[PDB]
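Enquirer: There's a structure below that I have some questions on.
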Ligand SMILES: C[S@@+](CC[C@H](N)C(=O)[O-])C[C@H]1O[C@@H](n2cnc3c(N)ncnc32)[C@H](O)[C@@H]1O
Ligand SMILES: C[S@@+](CC[C@H](N)C(=O)[O-])C[C@H]1O[C@@H](n2cnc3c(N)ncnc32)[C@H](O)[C@@H]1O
Ligand SMILES: C[S@@+](CC[C@H](N)C(=O)[O-])C[C@H]1O[C@@H](n2cnc3c(N)ncnc32)[C@H](O)[C@@H]1O
Ligand SMILES: C[S@@+](CC[C@H](N)C(=O)[O-])C[C@H]1O[C@@H](n2cnc3c(N)ncnc32)[C@H](O)[C@@H]1O
Ligand SMILES: C/C=C/C=C/CCC[C@H](C)C(=O)c1c(O)c(-c2ccccc2)c[nH]c1=O
Ligand SMILES: C/C=C/C=C/CCC[C@H](C)C(=O)c1c(O)c(-c2ccccc2)c[nH]c1=O
Ligand SMILES: C/C=C/C=C/CCC[C@H](C)C(=O)c1c(O)c(-c2ccccc2)c[nH]c1=O
Ligand SMILES: C/C=C/C=C/CCC[C@H](C)C(=O)c1c(O)c(-c2ccccc2)c[nH]c1=O
Ligand SMILES: [Cl-]
Ligand SMILES: [Cl-]
Ligand SMILES: [Cl-]
Ligand SMILES: [Cl-]
Ligand SMILES: [Cl-]
Ligand SMILES: [Cl-]
Ligand SMILES: [Cl-]
Ligand SMILES: [Cl-]
Ligand SMILES: [Cl-]
Ligand SMILES: [Cl-]
Ligand SMILES: [Cl-]
Ligand SMILES: [Cl-]
Ligand SMILES: [Cl-]
Ligand SMILES: [Cl-]
Ligand SMILES: [Cl-]
Ligand SMILES: [Cl-]
Ligand code: NA
Ligand code: NA
Ligand code: NA
Ligand code: NA
C-alpha cells in the first residue's frame, strides 16, 4: 500500500531527525528538498514554481487578519465560520484561505474540518519572525519581480552599485534602498520588530575568547567589545552572560532610534549604549574587538571597504575586527546562501562573500585574517578575526 | 556518518520511488514536503518562504537568456565563463545565477565547478512547460502581489465576480482578465505556446468508453465527441488514437486563431475543426459526448452555468456532458489544488469545485451526475459524466 | 545498486538502533529475524534450519582451541596459518573453520583474508558466556536430539515429571538431571564458571524498594533480604550497592561448594553467607524479602510448590516472597521464552509460567500477588512480590 | 514509539524486497542476518546459539505428527486442543509446541490463540523439503555433535578421508557414510523423497548451449547429454523442455533403484534411462556433455578424481565434462557455502571447492577449464565446462 509506505517513510525520517542535532536536521531537510526536486515530473516542477509563491501572499493575509496569533492562543479547534466572524473576514474567503493554509501546514485541519495551530502557525505569530515574512512580501518580492526585465533591458550587467540595481526600477526612485526605506514609516516600523529576533546559535558557541584575549589588559577604561550596528545588542548581552567576570567595556553602537528601542531589554548595567553612525570614524580607540555582525553583507565592496576604513585608524596592534557573517563555500553552496545572494544583489547591489572574497576585501583595508571560527552548518556563519597587516 | 545517513536516506527513497508508479511517487513527494515543513526551525520556515520566490524570477532570467535550452544540448560540462560569453551575460552575474540555480537543482554543478543540465534544466527548455513558468511570472505573480492589499482595502469580501478581484488592482484596469489579455499580444503569444503542452495521463486511461457508449449508433452521420474549447485538440487526437475503430464525428471546437494554430499537428482526416464560441448555443445536435476539459474552472458559477446551458438544448437522451476537471476532496485537499483555487480566485474570480459543488452547478443546468472516473491521484482530476435530469 | 541498497539498509538500521535503548534494539532484532523468515525461499528455510546448527559445534571447537580468547587479544589481523600454528590446529582445518566463522560473524575476515575479532569473538572469550555456549552443546543438544523419538515412543505424553522426560533417554539414566549432573565433575566445573555471569539489567532497575519497604524496621536485628539459591550473590551485592544506607541483614543462601566459590568476590562486610538447602524449612525468620531469582523455573509444579511451602512458615505479616523469573505473555510469546520452555521441559520436566500460572502456583502455597515489576522487554523478566493470603 | 519504528522498518524492507529479484532478496536476507548479529548483546548471542537448535527438533516432531501437512490444508484457524486431539498429541505438549512454533514463524498464532499455516508451514509440508529437514536432524546433527571431541581427541587433523572423519564416531562404525547409509532402510527412504526436490533456478538459465555446441553433429546415435548421477532426471527434463528440437541422445545415468523411482515422472520418450555406477568406466562414448551436478562435492579429492578418470577415456576432442556445483569465492564466502563445507567435511570427508580448487582437481584428470557459467548469486552455483588438456 502507498499510504503504508508513505507513513513508514515519515516514521523513519522523523526518528532519524530526532536522533541528530540541529545541524544534522538541516542536512536531512536539504536532502529531502533535493529528493523532491529529482522525483517530481516536469509538470510538477512548473506547478511547484508557479504555486509556492502563494505561501507568502497568504501568510501576509493571515498576518493582516491576526489569524496566526489568534489561532496560536485558541484552546480548541475553530471552524472557518468562527474564525471568519471573529477576525472580520468573508466566510467563503476565510474557508478557502484556511484550506490552502492547511495544505501547506500553515495551520492544521482536523478530521471534522476545523482548524488548530501548527508549528508554522506559532512561528508566524512570533513578532520578529512575522516581520521577516512581511519584509519578504513588501521589500523582496518587488525587487525580484523587477529583476528579469531590469537585466534584459540593460543587457545583463554585472550589478555592482546600490544606486543601480533592480530596486530603483521596482520602487521608481533614484535613491538607494536604505536611503529610500528611511523615508517610509510603516517599513521602518516592520524593521524595528524584525530586530527583536535573535538568531541561534551564535558565535560565542565556538569563539575561543580566552585564547583570542591572551594577556590583553582592560586598563585604563579600555573596551573589550564594540558592537558596531549591534541592533538590540544581543551580542553584547550574550557576551556579558557567558563571560560575566571578564574585564573591559562592552559597547553597543547603533543609530539613536535603535538604541532607544534597545533600552527596555538591555541589562541595567555593564553594556554602554553609544550613538554612532558606522559611515563615520570609529570613536572608541584601541578596543580589543570591533564586531560587525551581518553588517557588511548589505554593502557592495566600495561601501563595505569604507565601513572598515572608518575603524582601522582606531585600532592598535592588539585590536581585532571581527566580521560575523555568511561564508559560503567555493562550490556546493546551499539555497539559503545563494538565494540571499540574489536578493541582496537585487535590492542592495551587494553579495555573499566566500572566505577568499572576505580576505580580498579586508586586505584593501590593510587587514589580514588571523582566525575563522564557524558556528553554523551546513550553511556557514563564522566569526572572522582580522588584525592590522 | 551524518553524511552517510543522509546518503542512505536518498538511496532508500530513490529505490522506493522507482518501485512504484507515478501516483505513488507523487504521494512520496508530498510526504517529503510535509516532513521538510515539520522539521524546519522557525527561522528556516521564514527563510524558505522568503527565498523560494527566487526560483521563478531566476527561471525567467534563464529563459530570457536561452540558458536552459543551450545547456540541455551541451555534450560536456560548461564553465560559467563559457556560458556567459555564449549567451551574452556579464560573467559575474552568470556565475552568481548558476550557483543559485545549482543550489535548487535548476542546473547541476560538477566537482570542477562547471555546469550540466538536470531534469529541471530539460523541463524548462521544453516550450510549453517554459511557457507555464513564464505565465506564473507575468500573470500570476502580479495578482498574488496585489491580493493582500486588495482584500484589506475591501474588508475581506468573498470574491464572486471576474470583474471585481485582485486582477483589476494588479493591472490597473476595469476589464476582466480574459478581456484584458486579448489586448496584450506578448501575453497572447505565451498562451499560444502554453497550449502546446499536453498533460499526462489523460482521462482515456480510465474512461470506460465502450461501457459509456452502450448501443449508441453513429448512423446515419452522428457526432461521437465534441471537444468544446479543445485548444490544440489533444483530446480528439488521443480519442482517435485509442479508439481508431469507433465511428462518429470527432469535432474540435475553439476560436478561429486557436483552430488555425491546431491545423499543423492535427491528423489529416478524422477530426473536424469547427469555429465556435462556447458562450453561444451549441450547434452540433445529439452528440454522444460534449467534452469540457479545464474550461469551467476558469469561470465563476454564473458564467460556468451559462456555458452549460448553451449545450443542454442540443442534447438528446443518450447525450452526455463530460466535465474533465479538478475534483478536490471535502477535506485534506493538497497544495496543487488549493494553490490553484487561490490563484484563479485572484485572477479570474473563479474557484476549484468539489464533487458536491460540481453537482450543484450542473443541477442548475438540468443535469445529473451518472458516473465519475478519476484518472490522477492524489490530486484528483476526473471525467464527470452528466445526463439530462 | 542492489549493493548500494543493501548498504543503505544497514546504515539506516544501525542509526535507528543507536537512537534507542537496549529494549528498542531487542525489538528491532526480533523484527529483523521475522523479516528474514518471511523473505526466505522454501529452500532457504530448510538450508537455514539445516546449517544454523553448525554455529554451536564450531563455537565449541574454537573454545576448545582457545581461539576466541587469543584473537580478542591480538593487536593486528592474523592469517589462518599464524592462528593454526599458534593454537595447534591443522592448517587446512583452521582455514576452513575461520572461513565458516567469518561468514557468521564469529570472527571478521579482512580484505587481505586475515582475521580479527568481532563482537561475537569477544563474547565467546568471556568465561561465563563461553560456559553458557558450552552448556548448550553438552547439556541441551543431547536432550533436544532425544526429544522427538522420546515423544514418538511414548505417544506424545504431557511431560510433568523431572524423572520422566527426554533427559533420561539422552543420558541413559533413571536419575533426574540435577541428581545426575552432581556425579559429573567436568559438567559441574562448567556450571561453576557459568554462575559467574551476571545478567543485565537486573530487578533493582525498576523495583521500588523504598515503597515496598514501607515502614519496616530492621530493629532489633532483622533480615532485610534473603537470597535463596543466590549463587555468587550478585543480587545481594547489587542491593547493597544501590541501597548502601538501608539497614537489615542481607543473607546469601546456597549450598556449601557454591558459597565457597562466592567468597572471593563478596564484599568484606555486610553480606552473610549461610549454607541452606532450599528443600528444607527456611531458617531466617521474619525477613522483609525472601528472594528466588531463576530458581522456580527449573522445577515442575510439585517441587516448585515445596520450595515455596518451605519459606511460608518463616514469614510474618510484612514478609514478602519475591519471585524474579520469566513471565511470558498469554499470547505472542517470543522465541527466547518459548525456546527456554521447550529446553527445560526436555531436560528438567519444568516449564515457563505466565503471570496467571505463577499466581495459581503461589496460591497453592497460601500466597497472593501484591505487585509485579517488569525489568526487561520484550522478553519479560519481572520481580513478582507475594504476601501471605 | 518502538512499535511504530519496528513496523515502519518491516514495511520498508518488505517493499524493497518486493522490488528486486530473487538474488536481490537473498542479499537483503544476508544483510538482515549480519545486522542481527552485530546488534545483539553478548547474552543474546549465547541465547541465540543455545536456542536456535530447537527449530530442527521441533520441526522433526511436527513432521512426525503430520502437523504441517494437516495445518496447510485446514480452511479455518485451529485451537491447540483441536490439533492435539486430531493428531494424537498430549494437549499441554501440543500447546507448548505450537507456542514455540509460532514464535519462530513455523506456524502463525492468531489473536484468539488459534493456529494457521505460515509460509514455513507450507514449506515443511512439501515432501522433498520436509525430507531435507529430516536429513538435517538424523544425519547432520549427530556428526556435528561428534565433531568437536573427534577433533580434540585427534589433535585437530586435517580431515581428508571419508573413512576417517566425525561420521565414524557419531555412528560407531568403520564404514564410510555412503556405505553405511545403504544399509539403513528408513534413511534410504528419506533420501528417495529428498530427490524429488528440484532446485531453482538451474544452469540452463545462463548456459549458452548453442554456443557450446557450435557445429557438433549428433550422428550416428551420439549422445548430446549424459546426466551422471542425475537422480530423478530433472536436468534431462529441463534440457528437453528448453531445447526440444536439438538432436542427440539425452541419457539419465543412476543406480537401478533411483532410475526405477524416476520412471513415473520422466517423459514417455526422448530421455533414456541407463543404469550405471559412476565409480566404473563410462559406457557412453563421445558424448557432447558429460554432466555432474552436485556429485563431486560429496567426495574427497581422491574419490572425486577417480569419478572423473572413469569418464575421461570415453571423451573425444569435442566432448566436455560439465561440473555443475558450488563455487565459493576466495574470500567473503557466505554461511550457506561454508556451513555446507563444515557438514560435508564431518559426514563425508569432502569439501566445497573454489574455482581454483576445481581447476586443480580437474587438471589431475587431464582436463582444462574452458568456460564457467554462474547461475545463482550471491552463493555461487555454476556450470564449469572442461575439455581434454
Ligand atoms: C542586519 S541589522 C544587524 C544587527 C546586529 N549586528 C545583530 O546581528 O544582532 C543591521 C543593523 O545596522 C544598523 N545600522 C544601519 N545603518 C547604520 C549606520 N549608518 N550606523 C550604525 N548602525 C547602522 C541597524 O540599525 C541595524 O541594527
Ligand atoms: C485551458 S485552455 C485548453 C483546454 C483544452 N480543453 C484542453 O484540455 O486540452 C482553454 C481553451 O478554451 C478556449 N476558449 C477560450 N474562450 C473560448 C470561447 N469563448 N469559445 C470557445 N473556446 C474558447 C481557448 O482558446 C483554449 O483553447
Ligand atoms: C540458576 S542458578 C543461580 C541463580 C541465582 N539466584 C541468580 O540469579 O543469581 C541456581 C542456584 O540454585 C542453587 N541451588 C541448587 N540447588 C539448591 C538447593 N537444594 N538449595 C540451595 N541452593 C541450591 C545453585 O547452587 C545455584 O546457585
Ligand atoms: C546429490 S544427488 C544429485 C542428483 C542430480 N545430479 C541433480 O542435481 O538433480 C546424488 C545422486 O547420485 C546418485 N548416486 C550415488 N552413488 C552413485 C553411483 N555410485 N553411481 C551412480 N549414481 C550414484 C544418487 O542416486 C543421486 O541420484
Ligand atoms: C527574521 C527572519 C528572517 C529570515 C530571513 C531570510 C532573509 C533573506 C533576506 C534576503 C536577507 O537575508 C537580507 C535582506 O532581505 C536584506 C534587505 C534589507 C532591506 C531591503 C531589502 C533586503 C538585507 N540583508 C539580508 O541579508
Ligand atoms: C504547463 C503548466 C502550466 C502551469 C501553469 C500554472 C498552473 C496553476 C495555475 C494557477 C492554473 O492552474 C490556472 C491559471 O493560472 C489560469 C490563469 C489564466 C489566465 C490568467 C491567470 C490565470 C487559469 N486557470 C488555471 O487553472
Ligand atoms: C531439500 C533441501 C535441502 C536443503 C539443504 C541444505 C543442505 C546442507 C547439507 C549439508 C548439504 O548440502 C549436503 C549434505 O548434507 C550431504 C550429506 C549426505 C549424506 C549424509 C550426510 C550429508 C551431502 N551433500 C551436501 O551437499
Ligand atoms: C550465560 C548464558 C547462558 C545461556 C544458557 C542457555 C539459556 C537457555 C537455557 C535453556 C535455559 O534457560 C535453562 C537451562 O538450560 C537449564 C538447564 C540446567 C541444567 C541442565 C539443562 C538445562 C535450566 N534452566 C534454564 O533456564
Ligand atoms: Cl503586522
Ligand atoms: Cl490584527
Ligand atoms: Cl569556545
Ligand atoms: Cl521566451
Ligand atoms: Cl500590488
Ligand atoms: Cl497533469
Ligand atoms: Cl476502437
Ligand atoms: Cl481541504
Ligand atoms: Cl573451556
Ligand atoms: Cl537420541
Ligand atoms: Cl538478560
Ligand atoms: Cl539506601
Ligand atoms: Cl504464545
Ligand atoms: Cl515423514
Ligand atoms: Cl503422520
Ligand atoms: Cl542462455
Ligand atoms: Na465553518
Ligand atoms: Na462562483
Ligand atoms: Na509442572
Ligand atoms: Na486449545
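The values are calculated or read from the model by the stated rules, or taken from the named source; none is laboratory data. For neighbour counting, all protein chains shown are included, and Cβ atoms are generated from backbone atoms with ideal geometry for every residue, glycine included.
Enquirer: Would you confirm whether any residue within the range C:20-28 is in the same structural domain as residue C:120 (by TED's automatic domain parsing) and more than 22 Å from the chain's Cα centre (by Cα)? Break it down into steps so the answer makes sense when it comes.
Expert: Narrowing the range C:20-28 to residues in the same structural domain as residue C:120 (by TED's automatic domain parsing): C:20-28.
Right, trim to more than 22 Å from the chain's Cα centre (by Cα) and you get C:20.
Checked against the condition, which is being in the same structural domain as residue C:120 (by TED's automatic domain parsing) and more than 22 Å from the chain's Cα centre (by Cα), the range C:20-28 yields at least one hit.
Enquirer: Hey, another quick one. Among the residues of the range C:79-88, is any outside any helix (DSSP H, G or I) and at the interface with another protein chain (Cβ under 7 Å from one of its Cβ atoms)?
Expert: Yes, the conditions are met somewhere in the range C:79-88.
Enquirer: Let me ask another. Identify the single condition in (1) on the phi < 0 side of the Ramachandran plot; (2) within 14 Å of chain A (Cβ to nearest Cβ); (3) crowded, with 21+ Cβ neighbours inside 10 Å that residue B:358 does not satisfy, given that it satisfies every other one.
Expert: Exception for residue B:358: condition (2).
Enquirer: Determine, yes or no, whether residue A:294 is surrounded by 14 or more Cβ atoms within 10 Å (Cβ to Cβ) and in the same structural domain as residue A:227 (by TED's automatic domain parsing).
Expert: Yes; evaluated as a whole, the condition is true for this residue.
Enquirer: Can you name the condition, by its number, that residue D:58 falls short on among (1) within 16 Å of ligand 8 (Cβ to nearest atom); (2) more than 28 Å from the chain's Cα centre (by Cα)?
Expert: Looking at each condition in turn, residue D:58 falls short on (2).
Enquirer: Taking into account only those residues within the range A:100-115 that are within 16 Å of ligand 6 (Cβ to nearest atom) and in contact (Cβ under 8 Å) with a residue 12 or more places away in the chain, which is nearest to the chain's Cα centre (by Cα)?
Expert: A:104
Enquirer: Take residue B:231 and tell me if it is crowded, with 20+ Cβ neighbours inside 10 Å and touching a strand residue (DSSP E or B) at 6+ places or on another chain (Cβ under 9 Å).
Expert: Yes: the conditions hold for residue B:231.
Enquirer: Could you grab the pairs with beta carbons closer than 8 Å, sequence gap of 6+ or different chains, first residue in the range D:196-207 and in the same structural domain as residue D:243 (by TED's automatic domain parsing) and within 10 Å of residue D:324 (Cβ to Cβ), second one assigned to a loop (DSSP other than H, G, I, E, B) and within 16 Å of ligand 22 (Cβ to nearest atom)?
Expert: Pairs that qualify, where the first residue is in the same structural domain as residue D:243 (by TED's automatic domain parsing) and within 10 Å of residue D:324 (Cβ to Cβ) and the partner is assigned to a loop (DSSP other than H, G, I, E, B) and within 16 Å of ligand 22 (Cβ to nearest atom): there are none.
Enquirer: Might you let me know whether the range A:148-159 holds any residue that is in the same structural domain as residue A:245 (by TED's automatic domain parsing), without any contact (Cβ under 8 Å) to a residue 12 or more places away in the chain and either away from ligand 8 (no atom under 16 Å from the Cβ) or over 24 Å from residue B:65 (Cα atoms) (or both)?
Expert: For the range A:148-159, residues in the same structural domain as residue A:245 (by TED's automatic domain parsing), without any contact (Cβ under 8 Å) to a residue 12 or more places away in the chain and either away from ligand 8 (no atom under 16 Å from the Cβ) or over 24 Å from residue B:65 (Cα atoms) (or both): absent.
Enquirer: Anything in the range C:240-277 that is closer than 19 Å to residue C:321 by Cβ and within 20 Å of the chain's Cα centre (by Cα)? List them, or say none.
Expert: Across the range C:240-277, the qualifying residues are C:252, C:253, C:254.
Enquirer: Right, something else. Of all residues in the range A:308-334, how many are in contact (Cβ under 8 Å) with a residue 40 or more places away in the chain and either under 17 Å from the mean Cα position of the chain (by Cα) or over 30 Å from residue B:104 (Cα atoms) (or both)?
Expert: Of the residues in the range A:308-334, the ones in contact (Cβ under 8 Å) with a residue 40 or more places away in the chain are A:308-309, A:311-312, A:315, A:317-329, A:334.
Narrowing further to those that are either under 17 Å from the mean Cα position of the chain (by Cα) or over 30 Å from residue B:104 (Cα atoms) (or both): A:308-309, A:311-312, A:315, A:317-328, A:334.
Result for the range A:308-334: 18.
Enquirer: Residues that are within 30 Å of residue D:32 (Cα to Cα): find the strands (runs of 3 or more DSSP E) completely inside the range D:235-337 holding 3 or more of those.
Expert: Passing ranges, in order: D:320-326.
Enquirer: Another question, then. Give A:99, A:105 a once-over and let me know the one that is within 16 Å of ligand 26 (Cβ to nearest atom) and touching a helix residue (DSSP H, G or I) at 6+ places or on another chain (Cβ under 7 Å).
Expert: Of A:99, A:105, the one residue that is within 16 Å of ligand 26 (Cβ to nearest atom) and touching a helix residue (DSSP H, G or I) at 6+ places or on another chain (Cβ under 7 Å) is A:99.
Enquirer: Of all the residues that make up the range D:115-145, how many are more than 7 Å from every other protein chain (Cβ to nearest Cβ) and under 23 Å from residue C:60 (Cα atoms)?
Expert: Residues flagged as more than 7 Å from every other protein chain (Cβ to nearest Cβ) and under 23 Å from residue C:60 (Cα atoms) within the range D:115-145 amount to 6.
Enquirer: Let me ask something additional. Which condition from (1) in a loop (DSSP other than H, G, I, E, B); (2) more than 13 Å from chain B (Cβ to nearest Cβ); (3) in contact (Cβ under 8 Å) with a residue 60 or more places away in the chain is the one that residue A:376 breaks?
Expert: Status for residue A:376: all satisfied but (2).
Enquirer: Follow-up question, since we're still on this one. Determine, yes or no, whether residue A:91 is without any contact (Cβ under 8 Å) to a residue 40 or more places away in the chain, within 16 Å of ligand 26 (Cβ to nearest atom) and surrounded by fewer than 23 Cβ atoms within 10 Å (Cβ to Cβ).
Expert: Yes: the conditions hold for residue A:91.
Enquirer: Regarding residue C:172, is this residue without any contact (Cβ under 8 Å) to a residue 12 or more places away in the chain and under 26 Å from residue C:285 (Cβ atoms)?
Expert: In short, no.
Residue by residue, here is whether (1) within 19 Å of residue C:218 (Cα to Cα); (2) away from chain D (no Cβ under 14 Å); (3) within 16 Å of ligand 9 (Cβ to nearest atom) holds:
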{"position": "C:246", "(1), (2), (3)": "yes, yes, no"}
{"position": "C:252", "(1), (2), (3)": "yes, yes, no"}
{"position": "C:261", "(1), (2), (3)": "no, yes, no"}
{"position": "C:275", "(1), (2), (3)": "no, yes, no"}
{"position": "C:292", "(1), (2), (3)": "no, yes, no"}
{"position": "C:301", "(1), (2), (3)": "no, no, no"}
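Enquirer: Follow-up question, since we're still on this one. Among the residues of the range D:165-187, write down those that are under 15 Å from residue D:342 (Cα atoms) and in a loop (DSSP other than H, G, I, E, B).
Expert: Answer for the range D:165-187, where residues must be under 15 Å from residue D:342 (Cα atoms) and in a loop (DSSP other than H, G, I, E, B): just D:165.
Enquirer: Would you check if residue B:190 is within 23 Å of residue A:40 (Cβ to Cβ), surrounded by 15 or more Cβ atoms within 10 Å (Cβ to Cβ) and within 16 Å of ligand 12 (Cβ to nearest atom)? Lay out the reasoning, then the answer.
Expert: On the way: within 23 Å of residue A:40 (Cβ to Cβ): yes; surrounded by 15 or more Cβ atoms within 10 Å (Cβ to Cβ): yes; within 16 Å of ligand 12 (Cβ to nearest atom): yes.
For residue B:190, the condition - within 23 Å of residue A:40 (Cβ to Cβ), surrounded by 15 or more Cβ atoms within 10 Å (Cβ to Cβ) and within 16 Å of ligand 12 (Cβ to nearest atom) - is met.
Enquirer: If you don't mind, another one. Does residue D:110 satisfy being out of contact with any helix residue (DSSP H, G or I) (no Cβ under 6 Å at 6 or more places or on another chain) and within 16 Å of ligand 21 (Cβ to nearest atom)?
Expert: yes
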